[PDB]
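In PDB author numbering, each number is its position in the sequence shown, counted from 1, plus 87.
Only one structure is covered here, and it is reproduced in the block below.
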Amino acid sequence: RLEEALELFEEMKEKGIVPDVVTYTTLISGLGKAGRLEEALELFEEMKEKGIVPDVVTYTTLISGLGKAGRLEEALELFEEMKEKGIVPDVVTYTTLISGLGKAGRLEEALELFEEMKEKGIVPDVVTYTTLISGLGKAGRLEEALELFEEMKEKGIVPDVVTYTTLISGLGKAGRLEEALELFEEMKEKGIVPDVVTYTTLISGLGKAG
């Protein structure tokens with residue numbers, strides 16, 4: 088029903104009536120959910136133009152959309168602008184930003200955001216942990232990924248196949264076959280299905296030993 092809502096919004100505009108901030112919030116939110124990001128960006132810029140101040144929901148919506156879009160620099164601009172204007176981000180914003188950062192191999196910036204969100208008492212997702220551990224793993228930083236794995240384990244967050252695959256592959260590469268094996272059995276305990284990579288790494292490591 089977003090077409091009708093927009094139609095009514097423009098018709099409202101035409102009769103020389105100034106919309107409430109709630110209207111902009113609702114429209115931006117709806118267009119955001121609808122995956123119509125560009126229009127929401129238009130509405131946002133219009134909203135900024137009339138001197139109207141946007142709510143947290145608008146910011147989180149736009150940042151999420153840009154994050155999915157891969158336009159990380161803009162999402163960062165919006166994040167900073169959001170912080171300066173005294174708005175407190177929620178878990179979702181940090182999650183999307185760290186996801187994108189990890190994807191772009193900007194690992195230490197993602198670490199900064201993880202620590203910063205840890206400071207403000209935000210609780211990370213399994214997604215955040217897996218993103219960070221995978222990214223750290225691809226970067227050859229196995230020890231930090233191990234620290235993070237233990238930390239993740241302690242807080243009762245359950246890892247998935249990707250984290251195990253990454254850690255096992257890295258351990259195998261490091262020649263720590265026994266550890267990789269207990270990780271293999273531990274991943275067997277929780278019933279996750281291993282990847283061909285894990286099997287080939289393990290078989291190769293075993294092959295070198297005997």
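For each residue, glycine too, the CB sits at the ideal point set by N, CA and C.
Asked                                                                                                                        : Found
Neighbourhood of residue 204 by C-beta, 6 Å cutoff - its chain only, sequence neighbours within 5 removed                    : 181
Other residues of its chain near residue 231: CB distance less than 8 Å, five sequence neighbours each side excluded         : 223
Contact check, residue 229 vs residue 219, beta carbons under 8 Å                                                            : no
Entirely enclosed beta strand (DSSP E) segments - the stretch 172-205, minimum 3 residues                                    : none
Start-to-end residues for the alpha helix (DSSP H) that takes in residue 275                                                 : 264-276
Endpoints, the alpha helix (DSSP H) within which residue 115 is located                                                      : 108-120
Per-residue burial, residue 290 [other beta carbons within 10 Å of its own, 16 or more giving buried]                        : exposed
Neighbourhood of residue 245 by C-beta distance below 8 Å, restricted to the same chain and skipping five residues each side : 213 and 277
Nearest-angstrom Cα separation, counted from residue 141 out to residue 281                                                  : 46 Å
Sub-8 Å separation of residue 117 and residue 89 beta-carbons                                                                : yes
Nearest-angstrom Cα separation, counted from residue 101 out to residue 197                                                  : 45 Å
Candidates 271, 172 and 266, of which the one nearest residue 247 by Cα                                                      : 271
Spatial neighbours of residue 126 in its chain, beta-carbon cut-off 6 Å, leaving aside the 5 residues before and after       : 118
Residue span of the alpha helix (DSSP H) that contains residue 155, given as start and end                                   : 143-156
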